[PDB]
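Notes for the one structure printed next.
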Number of protein chains: 2
Amino acid sequence: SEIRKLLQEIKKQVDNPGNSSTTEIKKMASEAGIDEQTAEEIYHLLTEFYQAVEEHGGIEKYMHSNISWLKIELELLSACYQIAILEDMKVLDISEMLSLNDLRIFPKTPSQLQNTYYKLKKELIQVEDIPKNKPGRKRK
Amino acid sequence: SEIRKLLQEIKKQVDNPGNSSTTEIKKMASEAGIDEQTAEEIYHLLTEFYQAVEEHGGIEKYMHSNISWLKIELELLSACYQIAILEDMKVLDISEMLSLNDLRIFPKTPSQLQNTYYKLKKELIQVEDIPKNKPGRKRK
DNA sequence: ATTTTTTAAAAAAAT
DNA sequence: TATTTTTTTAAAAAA
């Protein structure tokens, strides 16, 4: 599968967009036999996510803010795992690929991505901003 | 006791030092009946700590780096609790006073300060740089 | 005043 | 290999 190189190029375009960005992504997806619609959806979700990060002061300011995940970030997470799974990638490999260890689609580690993916599937969390909850005993 | 206002003024001077800084601190300590030597020691330890933070990219860069505590920061911690205890302050009050909730001598919460103080006293940790250890199971 | 327990997240083993 | 549970660490607050 060429899903990794496609996602990599999608991020490359989001980080430096031009009037031919989406056309190039469609072409790359087509040549790889990857669904064009889902490829473009990811490009647009990623664009929004990065725009949101900037509205939150930037990647560094965001990674340390009180927000663990943004609603758009979770939408992106679900779309990324879904397209990669359809392309026959193993879960462990997807978590690695999307993380800080590789493509850096998300400013998250493979475990942050994978634990969240399963909580999302188990409906332990909703598709909405998720605040960083503090540890420690609860007040009396 | 006037230990809180003394520490506050010590930090005020460290944040904007002049040729009369230490003289003013000595005077304030004297008028409050607080040991002058320990007051000056704290001024110098605090100065070093803030210089170290700057060498580590700044307060924001440091609070998120892989270092939990700096050696000089622990030396400062011990000196601050010691002088405050001698001035009859309760432990809970000291942790609050030195923290982000009040004087901000340290870029730490009252619990980070208090838990570390006791680990230091119990010799569970040494007076040296302490790295931020990651959570999670240990590898097989 | 000092120690222990609890919680939440992250990491990786267990299933 | 997909999903769940356990473990560890730090932080928060009870014990």
Side-chain angles (χ1 to χ4, degrees), chain A residues 1 3 62-70 73-74 77-78 80-102 106-126 129-140, chain B residues 62-70 73-74 77-78 80-102 106-126 129-140:
Chain A
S1 178
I3 184 58
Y62 174 63
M63 289 180 85
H64 307 141
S65 61
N66 192 59
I67 296 178
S68 187
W69 297 85
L70 288 171
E73 190 178 13
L74 295 176
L77 188 162
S78 296
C80 286
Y81 274 84
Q82 287 183 54
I83 196 176
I85 287 173
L86 285 186
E87 285 300 305
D88 266 55
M89 275 189 57
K90 301 178 304 178
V91 174
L92 212 53
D93 291 341
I94 299 173
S95 301
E96 163 73 5
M97 175 184 68
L98 303 174
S99 80
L100 292 156
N101 286 175
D102 185 13
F106 299 87
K108 305 274 197 291
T109 62
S111 288
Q112 292 176 301
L113 281 165
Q114 198 160 304
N115 289 327
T116 301
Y117 171 65
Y118 280 109
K119 281 183 181 295
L120 207 57
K121 291 187 63 184
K122 198 179 181 67
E123 298 192 306
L124 294 180
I125 61 180
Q126 313 309 305
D129 283 16
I130 303 295
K132 289 178 178 176
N133 301 299
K134 292 181 186 176
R137 271 180 177 271
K138 301 304 185 188
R139 189 171 299 291
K140 60 175 65 177
Chain B
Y62 174 63
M63 290 180 85
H64 307 141
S65 61
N66 192 59
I67 296 178
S68 187
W69 296 85
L70 288 171
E73 190 178 13
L74 295 176
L77 188 162
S78 296
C80 286
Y81 274 84
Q82 287 182 54
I83 196 176
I85 287 173
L86 285 186
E87 285 300 305
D88 266 55
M89 275 188 57
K90 301 178 304 178
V91 174
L92 212 53
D93 291 341
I94 299 173
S95 301
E96 163 73 5
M97 175 184 68
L98 303 174
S99 80
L100 292 156
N101 286 175
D102 185 13
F106 299 87
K108 305 274 197 291
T109 62
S111 288
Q112 292 176 301
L113 281 165
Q114 198 160 304
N115 289 328
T116 301
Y117 171 66
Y118 280 109
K119 281 183 181 296
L120 207 57
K121 291 187 63 184
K122 198 179 181 67
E123 298 192 306
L124 294 180
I125 61 180
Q126 313 309 305
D129 284 16
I130 303 295
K132 289 178 178 176
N133 301 299
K134 292 181 186 176
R137 271 180 177 271
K138 301 304 185 188
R139 189 171 299 291
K140 60 175 65 177

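Note that these values count all heavy atoms, side chains included, but never hydrogens, waters or copies made by symmetry. A, B, ... follow the sequence lines: proteins, then strands. Residue 1 opens every chain.
Across all strands shown, C:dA1 has no partner, as no Watson-Crick or G-U wobble contact with both distances under 3.5 Å is found. The pairing partner recorded for C:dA11 is D:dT6, the criterion being a Watson-Crick or G-U wobble arrangement whose two distances lie under 3.5 angstrom.
Remark: P of D:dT4 and CG of A:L120 are 13 Å apart, rounded to the nearest angstrom. Regarding A:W69, its CH2 atom lies at a distance of 18 Å from the P atom of C:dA8, rounded to whole Å. Atom-to-atom, NZ of A:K138 to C1' of D:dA14 comes out at 14 Å; the value is rounded to the nearest Å. A:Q114 has its CD atom 15 Å from the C1' atom of C:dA9, to the nearest Å. The distance from atom NZ of A:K132 to atom P of C:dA9 is 11 Å, rounded to the nearest whole Å. Rounded to an integer number of Å, the gap from CD1 of B:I125 to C1' of D:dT9 is 14 Å. The distance between atom OH of A:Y118 and atom P of C:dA10, rounded to the nearest whole Å, is 17 Å. If you take CE of A:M89 and P of D:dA2, they are 10 Å apart, rounded to a whole angstrom.
Projected onto DNA chain C by closest heavy-atom contact, B:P135 and B:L92 fall at different nucleotides, the more 5' of which corresponds to B:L92. Checking A:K108 against B:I85, the closest nucleotide of DNA chain C that is more toward the 5' end is the one next to B:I85. Comparing A:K90 and B:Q112 against DNA chain D, the residue whose closest nucleotide sits nearer the 5' end is A:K90.
A sub-4.0 Å separation between OP1 or OP2 of C:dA12 and a side-chain N or O of B:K140 is absent.
Put simply, the side chain of A:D88 does not reach to within 4.5 Å of the side chain of A:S1, judged on heavy atoms. In this structure, the side chains of B:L74 and B:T116 come closer than 4.5 Å at one or more pairs of heavy atoms. Using a 4.5 Å heavy-atom threshold, the side chains of A:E73 and A:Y62 count as touching. The shortest distance between side-chain heavy atoms of B:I94 and B:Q114 does not fall below 4.5 Å.
Set against C:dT2, D:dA15, D:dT3, the side chain of A:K121 has D:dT3 as its closest nucleotide. Across D:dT6, C:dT6, C:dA10, the shortest atom-to-atom separation from the side chain of A:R137 is found for C:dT6.
The residue from B:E96, B:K90, B:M97 that alone fulfils the side-chain contact (heavy atoms from CB on, under 4.5 Å) condition with B:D93 is B:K90.
Residue side chain B:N133 does not reach the base of D:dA10 through any donor-acceptor N/O pair under 3.5 Å, judged by distance alone.
Looking at heavy-atom distances under 4.0 Å, A:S68 makes no contact with the nucleic acid at all.
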